[PDB]
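The numbers here are math on the coordinates, done by the rules we state, and not lab data. Cβ coordinates were reconstructed from backbone atoms using ideal geometry, including for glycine residues, and neighbour counts include every protein chain displayed.
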Amino acid sequence: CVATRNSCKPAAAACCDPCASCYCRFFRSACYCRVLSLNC
């Protein structure tokens, strides 16, 4: 699955990260699983 800051679109298993979240950027079209905790 998606390790980190790779891809969001959680189809079936491409965003494994219970310590992160689906973050988006300016584009807002290519979101990825980014850890917005900085604690894990």
Interchain or long-range residues, amide H under 5 Å from residue 15's placed H: 2
Rg in Å to one decimal, and Dmax rounded to a whole Å, for the chain via C-alpha atoms: 9.5, 27
Pair residue 36, residue 6: separation of 7 Å Cα→Cβ label points (nm): 2.1 nm
